[PDB]
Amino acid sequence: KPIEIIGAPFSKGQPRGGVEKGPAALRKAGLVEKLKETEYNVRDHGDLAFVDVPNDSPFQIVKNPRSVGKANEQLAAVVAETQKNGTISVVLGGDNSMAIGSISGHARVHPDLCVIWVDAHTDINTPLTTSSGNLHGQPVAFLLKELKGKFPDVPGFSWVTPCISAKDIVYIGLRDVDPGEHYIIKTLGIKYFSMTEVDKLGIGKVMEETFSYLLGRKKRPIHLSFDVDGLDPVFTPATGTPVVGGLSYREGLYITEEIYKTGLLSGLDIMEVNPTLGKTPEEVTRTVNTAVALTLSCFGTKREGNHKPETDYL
């Protein structure tokens, strides 16, 4: 199956900028080139051009509503289009807000998808529960069917229609959840593996169960949304909300490695890589590089080594 890289240089989902430079940093680290060398066809769609909506008045507490909604609508169109053509979409964020566009668009072509959310956060706050109107913490609230009508309509999101139910999303790496968000995941009965579960079961058992839970009765498309802050700050320091005690570089690669095994990866999001937040040039280099590794792992690169079939090396 061919791959379609799509850049989403957007940051209105959070206060300070920097995230819009994410895709540039990743491309500059030779993401696309390195991708080409695998058993997958690669096409770089380029970066979407986002327009700043004038006089974007804060909807109550929610900030930059119309811009984020506009951007997400434009993305969902592009995503759905490539998906329609039978390609796997790889979105380079950008902040978590863009996960609305990515998942939606993906759903229009594959309504039976499942989402595996690797993040240190749940990002399931609604316009009513947000302690800050920052939309990077609400993407999942806009997608859940069970949350339809549980919060007022936000200017710019009229086009969005809840495309997934609680029984279709699995969180991995949770370690910074708000009281409201915890009430939500508990009440709705969502399957999650926070750091304590990973500690208790080991990354192996976690993946073993997320799969039997999601791909139990019927094998369906997997949409992996990967927030770089799911790994410990010692690995991915250049992000907006780093939290200590995260997943290790090894754990991060084991996850993507098992995702490739299933052969059901349909959509991938590499979000939150903010190049201006790195304390030193090395910190940024470390962050960008680890993101690249995670992506390559998703598409065949294994740590035991690779090699072309039918070719004799001896």
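Start at 1 with the first residue shown and count on from there.
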{"property": "Which of 147-155 and 235-243 has higher mean CA B factor, as the PDB entry lists it", "result": "147-155"}
{"property": "Mean C-alpha temperature factor, higher of 7-15 and 292-300", "result": "7-15"}
{"property": "Candidate set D269, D56, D44, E251 [ranked by C-alpha B-factor, highest]", "result": "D56"}
{"property": "Among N64, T256, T285, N274 - the residue whose C-alpha B-factor is largest in the record", "result": "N64"}
{"property": "Among modelled residues of the same chain, the CA temperature factor third for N85", "result": "highest"}
{"property": "Assigned third (lowest, middle, highest) for the C-alpha B factor of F142", "result": "middle"}
{"property": "Where the record places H136 (Cα B-factor, split into thirds across the chain)", "result": "lowest"}
{"property": "B-factor third for the C-alpha atom of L48 within its chain", "result": "highest"}
{"property": "Ranked against its chain, the third holding the CA B-factor of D168", "result": "highest"}
